[PDB]
Each structure stands twice: as C-alpha cells, then as structure tokens.
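For reference, the chains in residue letters:
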Amino acid sequence: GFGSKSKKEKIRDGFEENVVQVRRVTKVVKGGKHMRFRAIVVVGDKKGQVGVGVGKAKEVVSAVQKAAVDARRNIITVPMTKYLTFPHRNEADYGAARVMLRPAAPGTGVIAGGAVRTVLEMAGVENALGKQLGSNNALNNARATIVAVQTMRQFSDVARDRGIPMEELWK
Amino acid sequence: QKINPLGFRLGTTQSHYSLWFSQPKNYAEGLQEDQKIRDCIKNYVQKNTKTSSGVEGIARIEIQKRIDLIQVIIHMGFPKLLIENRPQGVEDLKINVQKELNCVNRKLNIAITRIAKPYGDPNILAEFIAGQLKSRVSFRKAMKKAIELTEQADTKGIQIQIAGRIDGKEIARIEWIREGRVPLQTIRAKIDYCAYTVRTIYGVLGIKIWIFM
Amino acid sequence: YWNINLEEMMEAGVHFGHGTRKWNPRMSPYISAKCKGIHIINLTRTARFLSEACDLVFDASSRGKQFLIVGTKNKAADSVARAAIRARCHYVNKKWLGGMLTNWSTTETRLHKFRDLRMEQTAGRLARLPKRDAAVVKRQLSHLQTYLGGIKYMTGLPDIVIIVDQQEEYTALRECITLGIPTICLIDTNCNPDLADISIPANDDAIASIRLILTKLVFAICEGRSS
Amino acid sequence: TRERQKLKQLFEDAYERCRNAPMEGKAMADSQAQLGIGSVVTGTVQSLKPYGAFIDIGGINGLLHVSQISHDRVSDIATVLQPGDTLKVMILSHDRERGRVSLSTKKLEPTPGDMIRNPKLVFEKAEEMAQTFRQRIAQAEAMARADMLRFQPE
RNA sequence: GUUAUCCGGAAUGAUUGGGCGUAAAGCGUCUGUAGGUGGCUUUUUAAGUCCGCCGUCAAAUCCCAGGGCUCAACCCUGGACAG
RNA sequence: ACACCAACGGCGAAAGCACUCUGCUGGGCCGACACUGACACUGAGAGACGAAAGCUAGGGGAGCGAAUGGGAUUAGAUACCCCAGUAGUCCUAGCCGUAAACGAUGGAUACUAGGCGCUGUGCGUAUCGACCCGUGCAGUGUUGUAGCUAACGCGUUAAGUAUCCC
RNA sequence: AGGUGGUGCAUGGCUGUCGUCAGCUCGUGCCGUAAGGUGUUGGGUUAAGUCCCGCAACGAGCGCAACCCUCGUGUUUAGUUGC
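Parameters at a glance
Residues numbered from 1 in each chain as written, not as in the entry; some residues may be left out. Chains lettered and ligands numbered in written order. Part of a larger assembly, values for the part shown. Heavy atoms only, no water. Near = heavy atom within 4 Å. Polar contact = N/O pair within 3.5 Å; in protein donor to acceptor, adjacent residues only side chain to side chain. Nonpolar A, V, L, I, M, F, W, Y, C, P; charged D, E, K, R; others polar. Pairing = 2+ DSSP bridges. Helix = DSSP H or I, 4+ residues; strand = E, 2+ residues; numbered from the N terminus. Expected span 1.5 Å × (residues − 1). Buried < 20%, exposed > 50% of the residue type's maximum accessible area, 1.4 Å probe, protein only. Contact = heavy atoms within 4.5 Å. Buried area = accessible area lost by both parts, 1.4 Å probe. Salt bridge = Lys/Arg side-chain N within 4 Å of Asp/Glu carboxyl O. Core = buried A, V, L, I, M, F, W, Y, C linked by side-chain atoms within 4.5 Å. Patch = residues over 30% accessible without salt bridge, like charges linked within 9 Å, V, L, I, M, F, W, Y side chains within 5 Å. Areas by Shrake-Rupley, 256 points an atom, 1.4 Å probe, with all protein chains shown as cover. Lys, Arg positive; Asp, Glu negative; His and termini not counted. Charge placed at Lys NZ, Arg CZ, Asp CG, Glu CD. Domains from an automatic or database assignment. Axes fitted to C-alpha atoms, helices over the stretch in contact; angles between N-to-C directions. Parallel < 35°, antiparallel > 145°, perpendicular 65-115°, else oblique. Left-handed = near helix turned anticlockwise from the far one by under 90°. UniProt positions renumbered as here; feature names shortened; annotations may be inferred.

The record lists cryo-EM as the method behind this PDB entry and 3.4 Å as its resolution.

And the structure:
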C-alpha cells in the first residue's frame, strides 16, 4: 500500500497493449442478473514478441490490465526470417477456428481479419496475408494464429535438423 | 436499511458537537441558536469563498458554552484560504455571528483549527469528489482518483458510495468501492462518515463516504 | 566425477521394481526384465542418467543457487529432513499445499505471519494471553509448522526441485512444470520420464535406495557449496 | 531481470535435457500397537494369510509377500507361512494405506552387466563417495541460529 | 445516391475446399449384375505420363517492352509464357 | 406361454432366437501348407429377408385386451381406477414392407499405449488328470494414453491416422 | 416571488420486506477454448460460511459473534433531598 503505482506499472514501452474485444459477459443469480467484463488483450513488442490473454472483472480497466498480466506471462517469439515476413505458409486450427497464414512480398501491408491482424500488427511482421477459415470468434481465432506461428520453422533450423549443408536458398 | 455510523457510536469513541447542557425550553432555544450559527458560518464561507477559487471543506463546527461565552471551533482542512490575512476573516465571521446571538450580550470566541490530514476526513474528501464530480468528469476517474488520493494520505479502510444518475443516464444506480477493512458493525472501530448531496444540472447525486481509521 | 558402482545398486532395491501389470508403457524401450510380479529396471541407463543427474546438479550449484527438495510420503518423510538439514536445503516436512510455488505471493504473506508468530513464540510473551489465544496461535502455528516449518529459509524460486517419487506430488510437480523450474526426480516403473525433463528411474520401495540416491545428491549439493 | 534469469535457467536445463537422452549409457491389537510409525526390530509374524505374511517389526507394522519370502523346496509346510517366527527383514515398499512397511527377499536377482568406461576413475570417485559416507552420519544436535539480523523479504 | 442484374465475400454445392453419434444428413440388413478401385516379382508394347522438335489455335483483347497523341484514356509496333 | 437356470451371457446379416428330444440344413472360429493362384472390396438399378400393429382365406379362442358398455373420481370425463368385453393375440397359406428396424455410428483393408474382464479354440508349464499360469488368434465388455471433437465423449470393436465404394 | 401543481418509472435522503435469514463476493493460483467453476464442496459440529479435519487451493472483505445499553451477584468509594 505504498501508493500511486508509479514505479510498479512498468510504463509499457517494452510491451504495447491493445484490446481486441471487450464483451460484457453476464451471469444470473438469485438476486438477479449481473455482468462482468471479458476483455481480450494482445500484448507484444514489434520485435517479434506477442501473446493473447483473456480476463474478466466487474471493472473495465481492471479486466483489461488483468488480461494483460495474464498475457505478459504468455509469450512466444515469431519466427520471421526475411525482411519482416514469414518463412513459409502455415495453417493450424484451434478449437473450431482455422487460420491460413501465407508469407508475402515486402510491398504488402498485413492483410487479415481483425483478430489475426491484431496479433500480427503487434507481432511486428509487416508482410503477411492470412485468411481465416471457420469461426467468427476472436479468441480462438487469435490463439489459433499463435499456435499457427509457434510451429513454424526457419531455413537455418531445418538445415540444422535435416543435416543438409546448405543450398536451394536465394538468401 | 443500514444505520449510520455517527449515529450508532455515540456512547463511546464518538462525541457530540453542540456541547452545551441545558433545560427543555432553553434546550429548544439553544438548538435555535446552534442552527443559526451553523447557518451563518456555512452560508458565510460559501459566499465569501464562492467568489474565491477552490473548495474549503469545513468539517465540524463545535459549539460550546462554558459560561456566558460561546467557544466555536471550526475544523476545516485548508484554514489559510479563509482569512483576510491580518485576522480579518475570523473578525468578520465574529461580526456576522454576533449579528444573531445578542439576546444576552455574551462574548463568543470563534476559533479555527487544522485537520491533521485533510484527505482522511470524509466531509472534505466528499467535498472533493463532489467538486470534481460536479464538473464533467466520470465516476471512475474521479472516484479512483479519490481512492489513491486518500491512500497516499494514510487511511486504513475506505468505502465510497455514489448514488444515482451518473454521467448520462435515466436509470439510477449505486456504485460503491471498498478497500481494506471497513467494519461498520464493530463498535470500537471508529469509522467516520459523511453524506453529501451534489446538486448537479441533470439531477441530484448522493455521495456517502465511510472512512475506517 | 560422481560415480556409483553398478553392484551397489544391483545388490540393493534398485532393480527391485514394481508391479508387472501396472506398467505405464512409456518405459517399454526402458525396463529390462520382469520377475515374480515385480519389474526389473535397466541399470545401465539408470546409472548413466544418474551421471547426468549429478553433472547437472553439481554444475547448477557450481553456478551458485539454492535447491529445493519435496518430502511428503511418510515412508520417506524424515529421511528427506536428514537429507536437508546437513545439505542446507529447505524442504517439505510431511504434506504439500497446492500453490506453494505458483501462488507464492499469498504463501509469502503467509510467511510474514509465520515469521511474526515465530518471533512471538521465541519472545516469551506466549504465556501472557490465556488458553484461547494460545490455543489459536498453537493451531495456526501447528498448520504452518506442518508446511512452512521446513522452508523458512527461502525467498523466491529454486533452480532444481527433487521430489518424492511420482504419486503423491503430481501437484508440486505440475507447479514446477508451469513455472518452468527444472526438476530432477525419481521414477517408479510405471510413470513418466517426460514430466520432468531429466529424472532418475529407480524403485523407491527400498529405504536404502532412497537414502542412496538422495545421499548421493546431498553430497553433490554440499560439494556444490564447497566452492 | 528475474524473469530473464528464470528463462536462462530453463534453457540450461532443457539443454541439460538436450545433450544425453542422446548418447550415453490379531490385527486390531497390531493396529493398537501401531500408534507410532517409527522403529524396526526383527520381523515378527503374528498373522499368516495367502497373499502374504503380516509382521510386527519394532513397533512398525510390516507386510512380507510370498514372492519376497524365501523360495521353499522343503517337504512340508504351507508356503507363505509364518507362525510367531522372527526373521531378518529389509525395508521395502512401506505400504501407504495405513502406513505399513513391506519386506522382500527379492530373489537371486542376477543381472547382466555391461562394461563401463573410466572405471579406473570410476572406482576412485566411488572410494571418495565411501569416504564422504563414512564422514556422514551425525546422530545428535541441531544446527540453526548462526545468529544474524532478520529482515523483511520485500 | 437509390434500384435492378452478375460475380465476390460464400469453404453457403466443397477438384483445390465441407460434412453424416447427438447440430440438416448412413438405406432396416444382406446377396449380387453393370460399373469403380485393387497384392508381389520379372519381361514386352507405350494408350495414359514425361522430354525434344514441328504445325495450328485469325486479327482485335489481356501480359511485357517501346512509340505516338502536351499526359492519361485511346491508338500503334514487336515479343511470348501458358494452355 | 414356457418359472429357477438367465450372466454387464451364446448365435444370427439384420429382425430376431431359451421347456426338452430327434431329423434335415445354413453360418462362424482354430490348425497343418494339403490344394488353386489374386479368384479381392463395394454395389447404381435389381433380388431376398424383414419386430409389432394391419388385411384376404380357413381354423382355433383359456388369459390379456383397442373399440364398446356399466360403475367410480370429476364442474365436466369420450381418459388414468374398477367390472364385463368384441376384433386382435396363436396356427396354415399369402399380401403389406413400415418402427427410436438404434450402437441414433454403411462396408472393407492396413497401422497406432495400457489395466481389468468374458466366450471359443491353440501351444508350453504343472502334473501325466481335472486344475492352474502365461500366451497365439477371433469375438464380446469395461476404464483409459495419443489423436480427433463445438462440447459431451470415442479411443485397436475409434467418432484416430490414411485408401477404396455406395 | 409562490406552487401540499405533475412525474417516487428522472432522483437524493429515509424506510419496509425476504430475515437477524447465513450467506454474498473478491485477490492470487489451478481447471475449461469459453460462459464458468474451484475457495464457499466433502466428514463431523454449531443459533451461524461457527469451529475443527481432508481437499488445487491459499488468503482476505462485508456478513455471524464480541466490544454498546439495560436487568442480573459482589467489592471499593460518596452519603442528601435517599436509607
């Protein structure tokens, strides 16, 4: 109880935050019908470092930052080899949200649906195109991209895994 | 519904204010005198500081009658804001308070004291959230602002209830936030509360502040 | 170096495994033989993984850390405490709480209260209050004495946690896997080598096999402090 | 900084968990007697029942099992059996239900042996281990105090 | 701007690209004709398949590169992958 | 019509099938190389069978029992309750071809942890004979890893991974 | 100016009620994709979510109880206008 949380908020230049949806989810009780706020926060620096997080609380801002503290303990790093794009195409479903990611030329800003585009514009990739096949959901969507960019391999570690010395690569 | 703390704890840990001991017809007339003194002081400082800038926050007006002489103590938090600098503030208070007590021409000493920490005194803090909330500022920014504004100034537990018609609504609500222990039932516990009514433009608001010290 | 001769384990209760129709078959490229309703653990890969175990324990203390050992079984209850008073490590007495590693903020405040109650227990003001307050302080001090009596000397997380075999402490183990804290533990004949990331598969029916591997790692840690 | 240190630790361990998976290589009275779990003495059989033999062992209750008794090639007796006999028993499972101790002869146990390199160095450190063991075992006194000043963890 | 018509979005007719326990959906089960798919080795022809070359698929359109209208639209010259 | 036997049991492609015995006859499973050498799978349209109720023809008719009739409850009762009770129920020869005909899961092959079971056979142990242990398969069941699934759950008899056919 | 004119479904304050019933939530952690659960459930025991044991829960706030008044017994002190 020292006060004002100035040093303790950690001013968040390192991780920039945004919501991607704040739906009010509600439960009914004996007394009636009371609601809490479920916010989904995607945290990440533009270095290649993102992760989702849900939260719910009766306040809006405590749900956002509570989802952020859930989010900033959930980070993967993005395998993004070239001039801020992707090594190869990928698809990976989670639940019932399927996400096709596809690398792009460098003259192409990120084009995807709002959750996928949110976790990629926070991922610092600049050149991708990801269609979403399946759900209208936002959480399983974004988390499906996170699973869809964990399982993604560069050329250096595939060259290391196969044992092949090196060729067949322009750069 | 719930009993209010300053009523509930009167035998112990909370003392009365209008501290003069009398007989029935003289009790009614002494209560006349008390109410007109609190009227003249409240309306006085409200006028002569409404022209001035900020809020004053007069918490307690204790009135005591030892002899035919009336000690009046005024417990505001910001007492330098009042006076016209030689002492002429309290002098003109003493003029207008002498205007409505001179049945028996008995002397009265209007004093003024400092609140120890003005954020921790619920009438003053309730006046702050009243003032900011009467300006166009949301419930959340102003109310959390009152909370951290309080906990920087050393308060054990706090409860804030703001009543209906918050920023733009036609359905009344109640919104209360609590931190720490506020045991309203513990008789020893010494909770001081205030219940200020904010007179806004699109309605009336009600602020009720409990402070556990 | 940290060797153990093959015959010292091969004589005692190390290959003296567990039940022959309870085996969890991720030991199917591991377990050597089966005899008389009891499994027979492969001792070559056992001692090699113990070589690796003492390499990665003595190296981790050579960096300079503090290690943790869980003790809960009541078949190996006090043997861990003997294996933790001399070895300077902080330890679980008899029983575990779900949350002593991951929810360690409330456990930390619970150590504020436990530290203050030990300060009141030592100070001799315990006999001031009558049997009510002394009864309450003895009860909560008894419960924190059950858990937090053996880990008073810890702030923060360890580096390597070594646990009572597999069964009773999947809770503490899964808190370690959530925290990422590497653990090197004991495996029965019917458990997972993939829960922790290196562990030491040997039966713990023998108290002397438990005293063997634990005593081995106790001298590994103490020689880690030897600097 | 602390989180980064933790991550580095985890990496170290995963690599330490990356180098060498590759390569390398009647009963109620007995129940009343069990007020306290401690103290082995020479195992006393005080009931006998196919599945095993039930055995008082210095104040602790044990269970020998048939497969863990001596094999019997002798003419007459019931296998498992034991009546009031007093038998040297080694400490095995220590049954968790009711807090017992299990006991096991365990057999001939011949195991195939694979030769291990550095035994020249490997015997020497085994000797060093035995020396440390001889230095170990300490029966009485409790460390502690070391005095110091106690401070808040914060 | 509204409307109408068409495609997209629509993986909402699905080869790329869906489903069938309970959401729409497995015949009540079985025999079997036509038809569909089909074990292994060795040999032969090459119908499919692949490679080379050649002919043609008008011109205009689309794509690339030049050129002309003050630029563009449009016009013009040459070239070609597909298939 | 077939009590106890009756079992989370056996068989059939499904529907179904149980008092016993006999006759004719289908199908399954297992072994030896004893034989042929891909003869295989699925199956449009087609054909067969297909609980119960229904109908044609003739028997038969104890119990039960739509409709019906009476009594009761009920404001009322065409209904639940009760008493009679016809078609029907059973059989012969057909027709009808529908059912929650359900495992709410078309079929076939190959591959992918285990535990606890049951049924049928086969080998070895043990005795030399019934046991009893492991097993080789096929089938049936229950918890369950991986994986799948919106979830519940399914999980070597997949709702898993793939291929084919309707 | 005055309004005991309207709207208590624009409000504040105040109050009743379920009911002095024993609950209602929160922080951190865990589980579920998620709404959510877990705590607060289970074994006893209470007037009580009162307390004790086991438990992926650990703690905490409001609740209950106590501290508040009065009537109960006694001691010390003071005796008038009271004995």
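A. How the structure looks around the protein's contact with RNA strand F. Around RNA strand F, the structure places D93, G95 and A96 of chain A together with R21, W23, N24 and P25 of chain C. Counted by atom, the contact set of RNA strand F within 4 Å of the protein is 90% sugar and phosphate. Between RNA strand F and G95 of chain A there is a distance of 3.1 Å, counted from a phosphate oxygen to a backbone nitrogen or oxygen. At 3.2 Å from a sugar or linking oxygen of RNA strand F is found a main-chain nitrogen or oxygen belonging to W23 of chain C. Here the surface near RNA strand F is built from residues that sort into three nonpolar, two polar and two charged.

B. Summary view of the sheet that holds strand 6 (residues 101-103) of chain D. All names here are of chain D. Spatially, 4-1-2-3-6-5 is the arrangement adopted by the six strands of the open sheet, whose pairing is mixed. Strands with a single pairing partner mark the edges of an open sheet, and in this sheet they are strand 4 (86-87) and strand 5 (91-92). Across two bridges, the pairing between strand 1 (residues 43-49) and strand 4 is antiparallel. Residue pairing for strand 4: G43 is matched across the bridge by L87.

C. Region of the structure containing helix 4 (residues 104-122) of chain C. All names here are of chain C. Between its first and last C-alpha atoms helix 4 spans 26 Å; for 19 residues at 1.5 Å apiece the expected length is 27 Å, and the two agree. Every buried residue of helix 4 is accounted for by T107, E108, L111, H112, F114, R115 and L117. Of the surrounding elements, those touching the buried residues of helix 4 are helix 5 (131-147). Following helix 4 by one or two positions, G124 has its phi on the positive side, about 85°.

D. Region of the structure containing the arrangement of the chains. With three pairs of chains in contact, the largest contact count belongs to chains C and D. Looking at chain A next to chain D, you find no contact at all, with the nearest C-alpha pair sitting 10 Å apart. At the C-alpha level, the nearest point of chain B lies 20 Å from chain D, with no contact between them.

E. A look at the interface of chain D and chain C. Tallying the contact residues gives 47 residues for chain D and 54 residues for chain C. Taking both sides of the interface into account, the surface hidden between chain D and chain C amounts to around 4,800 Å²; carbon and sulfur atoms contribute 55%. Where chain D touches chain C, the interface holds two salt bridges. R48 of chain C is the partner of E24 of chain D in a salt bridge, and the nearest nitrogen-oxygen pair spans 3.0 Å.

F. Just the nonpolar core, in detail. Judged by nonpolar contacts, the single largest core of 38 residues is most densely connected at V57, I184, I200 and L217 of chain C. Those residues within four positions of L217 of chain C in sequence are excluded, and the remaining contacts are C54, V57, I162 and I200 of chain C. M80, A92, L101 and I146 of chain A belong to the second-largest nonpolar core, a separate cluster that totals 26 residues.

G. Spatial organisation of the pairing of strand 4 (residues 107-110) of chain B. Residues and elements named next belong to chain B. Only one face of strand 4 is buried, namely the one carrying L108 and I110, since none of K107 and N109 on the opposite face is buried. Pairing of strand 3 (residues 69-76) with strand 4, which is carried by four bridges, proceeds in the parallel orientation. Within strand 4, the residue paired with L69 across the bridge is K107.

H. Fine view of the sheet that holds strand 8 (residues 111-112) of chain A. Residues and elements named next belong to chain A. Taken together, the four strands give an open sheet; going across it, the order is 6-7-9-8, and neighbouring strands pair in mixed fashion. Each edge of the sheet is formed by a strand with only one pairing partner; in this case those strands are strand 6 (90-91) and strand 8. Where strand 7 (residues 97-103) and strand 9 (residues 128-134) come together, seven bridges link them in antiparallel fashion. The partner of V99 across the bridge, within strand 9, is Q132.

I. A look at a nonpolar patch on the surface. Side chains of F155, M166 and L169 of chain A sit close together on the surface and give an oily, nonpolar patch of about 270 Å² of accessible area. The topology assignment puts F155 of chain A in the loop between helix 3 (139-150) and helix 4 (156-162).

J. Inspection of the pairing of strand 1 (residues 16-28) of chain A at higher detail. Sheet topology places strand 1 of chain A next to strand 2 (residues 33-45) of chain A; 12 bridges connect them, and they run antiparallel. Looking at the pairing, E16 of chain A lines up with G44 of chain A of strand 2 of chain A.

K. Structural context of a positive patch on the surface. Together, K5, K7, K8 and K10 of chain A together with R2 and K6 of chain D give the surface a local cluster of positive charge. Using a relative accessible area of 64% as the deciding quantity, one classes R2 of chain D as exposed.

L. Highlighting the domain arrangement of chain A. Residue and element names in this part refer to chain A. Domain annotation for chain A reports domain 1 (1-77) and domain 2 (78-171). Taken over C-alpha atoms, the centre of domain 1 sits 25 Å from the centre of domain 2. Listed as interface residues are 17 residues of domain 1 and, on the opposing side, 19 residues of domain 2. Here domain 1 packs against domain 2, burying approximately 1,400 Å² in sum over the two surfaces, 72% of which is carbon and sulfur. On inspection of domain 1 and its partner domain 2, the count reaches zero salt bridges.

M. Focus on the environment of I198 of chain C. Residue and element names in this part refer to chain C. Its place among the elements puts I198 in the loop between strand 6 (186-187) and strand 7 (200-201). With relative accessibility at 10%, the residue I198 sits in the buried group. Along the backbone, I198 and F67 are 131 residues apart, and their C-alpha atoms lie at a distance of 16 Å.

N. Quick look at a negative patch on the surface. A cluster of acidic residues, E223 of chain C together with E124, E127 and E128 of chain D, forms a negative patch on the protein surface. Take the negative patch: its biggest share by element is three residues, from helix 3 (residues 119-135) of chain D. In this structure, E223 of chain C sits in helix 7 (residues 207-225). A relative accessible area of 33% places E223 of chain C in the partly exposed class.

O. View of the pattern of salt bridges. Overall, the coordinates contain 21 salt bridges over all chains when judged by the stated rule. Of the charged contacts in the structure, one is a salt bridge between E16 of chain A and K46 of chain A, with a shortest N-O distance of 2.4 Å. Residue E16 of chain A is found in strand 1, and its partner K46 of chain A is found in the loop between strand 2 and strand 3 (49-51); the two are separated by 30 residues along the sequence. According to the relative accessible area criterion, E16 of chain A is partly exposed, its value standing at 43%. It is possible to trace a salt-bridge network through shared partners that takes in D95, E97, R98 and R100 of chain D.

P. The arrangement of the packing of helix 4 of chain C against helix 5 of chain C in detail. Residues and elements named next belong to chain C. Axis separation between helix 4 and helix 5 bottoms out at 11 Å; the angle between their running directions is 125°. In terms of axis orientation, helix 4 runs oblique to helix 5. Judged by the sense of rotation from one axis to the other, the crossing of helix 4 with helix 5 is left-handed. Contact residues: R110, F114, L117, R118 and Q121 in helix 4; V137, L141, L144 and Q145 in helix 5. Partitioned by chemical class, the residues of the contact of helix 4 with helix 5 number five nonpolar, two polar and two charged.

Q. Geometry of the side chain of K216 of chain C. Along the polypeptide, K216 of chain C turns up in helix 7. Here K216 of chain C sits buried without a salt bridge, and the closest side chain of opposite charge, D55 of chain C, lies 8.1 Å off (N-O distance). Apart from the residues lying within four places of it in its own chain, the contact partners of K216 of chain C are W2, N3, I4, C54 and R211 of chain C together with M129 of chain D.

R. Structural detail: the UniProt feature "domain: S5 DRBM" in chain A. Here the UniProt feature "domain: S5 DRBM" sits at residues 15-78 of chain A. Secondary structure content for residues 15-78 of chain A is 19% helix and 55% strand, while the C-alpha to C-alpha distance between its ends is 15 Å.

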